[PDB]
Amino acid sequence: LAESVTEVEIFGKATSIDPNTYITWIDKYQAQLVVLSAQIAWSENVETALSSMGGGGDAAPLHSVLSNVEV
């Protein structure tokens, strides 16, 4: 779980994910671990975006997180 989270953090902090690396990462780890790592990455991403949005809607990273989810 620690290793897969370390990998999926690097995956999340990026745009235009290369299919090959994503497939290799999925094959490397177990189903529960890959799902849980995706969940952890999204949770910490949203927490960081909300923390950076203390003042208000100005400069909101949530659009970046949502776009990453779409990619």
# chains A, B, ... in the order shown; residues from 1 in each chain; ligands from 1
$ select_by_dssp --residues "segment 11-58 of chain A" --states "alpha helix (DSSP H)" --output "PyMOL selection string"
chain A and resi 11-12+19-28+31-52
$ closest_residue --among "A:70, A:65, A:16, A:22" --to "residue 50 of chain A" --atoms "only C-alpha atoms"
A:65
$ residues_around --residues "residue 29 of chain A" --least-positions-apart "6" --cutoff "10 Å" --atoms "only C-alpha atoms" --output "VMD selection string"
chain A and resid 1 3 to 4 35 37
$ write_last_selection --atoms "C-alpha atoms" --output "tab-separated table (two decimals), in the first residue's frame"
chain	number	residue	atom	x	y	z
A	1	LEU	CA	0.00	0.00	0.00
A	3	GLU	CA	4.57	1.75	-2.48
A	4	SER	CA	1.36	1.96	-4.53
A	35	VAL	CA	-8.49	0.77	-5.67
A	37	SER	CA	-4.43	3.76	-3.54
$ closest_residue --among "A:40, A:63, A:53, A:68" --to "residue 9 of chain A" --atoms "only C-alpha atoms"
A:40
$ decode --residues "segment 10-31 of chain A" --atoms "N, CA, C and O atoms" --output "CSV table (one decimal), in the first residue's frame"
chain,number,residue,atom,x,y,z
A,10,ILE,N,2.5,10.3,-7.6
A,10,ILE,CA,3.1,10.9,-8.8
A,10,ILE,C,2.2,10.8,-10.0
A,10,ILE,O,2.2,11.8,-10.8
A,11,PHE,N,1.4,9.8,-10.1
A,11,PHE,CA,0.4,9.7,-11.2
A,11,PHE,C,-0.6,10.8,-11.1
A,11,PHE,O,-0.9,11.4,-12.2
A,12,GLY,N,-1.1,11.1,-9.9
A,12,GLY,CA,-2.2,12.1,-9.8
A,12,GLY,C,-1.7,13.5,-10.1
A,12,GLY,O,-2.4,14.3,-10.7
A,13,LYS,N,-0.4,13.9,-9.6
A,13,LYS,CA,0.1,15.2,-9.8
A,13,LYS,C,0.6,15.3,-11.3
A,13,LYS,O,1.8,15.7,-11.5
A,14,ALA,N,-0.2,15.0,-12.2
A,14,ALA,CA,0.2,15.1,-13.6
A,14,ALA,C,-1.1,15.1,-14.5
A,14,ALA,O,-2.2,14.9,-14.0
A,15,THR,N,-0.9,15.5,-15.8
A,15,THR,CA,-1.9,15.6,-16.8
A,15,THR,C,-1.5,14.7,-18.0
A,15,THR,O,-0.3,14.6,-18.3
A,16,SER,N,-2.5,14.2,-18.7
A,16,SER,CA,-2.3,13.3,-19.8
A,16,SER,C,-1.5,12.1,-19.4
A,16,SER,O,-0.3,11.9,-19.8
A,17,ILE,N,-2.1,11.3,-18.6
A,17,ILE,CA,-1.5,10.1,-18.1
A,17,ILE,C,-1.2,9.1,-19.2
A,17,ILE,O,-2.1,8.8,-20.1
A,18,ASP,N,0.0,8.6,-19.3
A,18,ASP,CA,0.4,7.7,-20.4
A,18,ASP,C,-0.2,6.4,-20.1
A,18,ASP,O,-0.1,5.8,-19.0
A,19,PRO,N,-1.0,5.8,-21.1
A,19,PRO,CA,-1.7,4.5,-20.8
A,19,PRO,C,-0.7,3.4,-20.4
A,19,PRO,O,-1.1,2.6,-19.5
A,20,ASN,N,0.5,3.4,-20.9
A,20,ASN,CA,1.4,2.2,-20.7
A,20,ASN,C,1.8,2.2,-19.2
A,20,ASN,O,1.7,1.1,-18.5
A,21,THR,N,2.2,3.3,-18.7
A,21,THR,CA,2.6,3.4,-17.3
A,21,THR,C,1.5,3.1,-16.3
A,21,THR,O,1.6,2.4,-15.3
A,22,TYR,N,0.3,3.6,-16.7
A,22,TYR,CA,-0.9,3.3,-15.9
A,22,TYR,C,-1.2,1.8,-15.8
A,22,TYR,O,-1.5,1.2,-14.8
A,23,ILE,N,-1.1,1.1,-17.0
A,23,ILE,CA,-1.4,-0.3,-17.1
A,23,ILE,C,-0.4,-1.1,-16.3
A,23,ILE,O,-0.7,-2.1,-15.6
A,24,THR,N,0.9,-0.7,-16.4
A,24,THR,CA,1.9,-1.4,-15.7
A,24,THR,C,1.7,-1.2,-14.2
A,24,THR,O,1.9,-2.2,-13.4
A,25,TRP,N,1.3,0.0,-13.7
A,25,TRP,CA,1.0,0.2,-12.3
A,25,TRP,C,-0.2,-0.6,-11.8
A,25,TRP,O,-0.2,-1.2,-10.7
A,26,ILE,N,-1.2,-0.7,-12.7
A,26,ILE,CA,-2.4,-1.5,-12.3
A,26,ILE,C,-2.0,-3.0,-12.2
A,26,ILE,O,-2.4,-3.7,-11.3
A,27,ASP,N,-1.2,-3.5,-13.2
A,27,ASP,CA,-0.8,-4.9,-13.1
A,27,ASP,C,0.2,-5.2,-12.0
A,27,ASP,O,0.2,-6.3,-11.5
A,28,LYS,N,1.0,-4.2,-11.5
A,28,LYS,CA,1.9,-4.4,-10.5
A,28,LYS,C,1.3,-4.8,-9.2
A,28,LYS,O,1.8,-5.7,-8.4
A,29,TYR,N,0.2,-4.1,-8.8
A,29,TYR,CA,-0.4,-4.2,-7.5
A,29,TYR,C,-1.8,-4.9,-7.6
A,29,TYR,O,-2.4,-5.0,-8.6
A,30,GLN,N,-2.2,-5.4,-6.4
A,30,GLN,CA,-3.5,-6.1,-6.3
A,30,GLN,C,-4.7,-5.2,-6.5
A,30,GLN,O,-4.6,-3.9,-6.4
A,31,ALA,N,-5.9,-5.8,-6.7
A,31,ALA,CA,-7.1,-5.0,-7.0
A,31,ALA,C,-7.5,-4.2,-5.8
A,31,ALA,O,-7.8,-3.0,-5.9
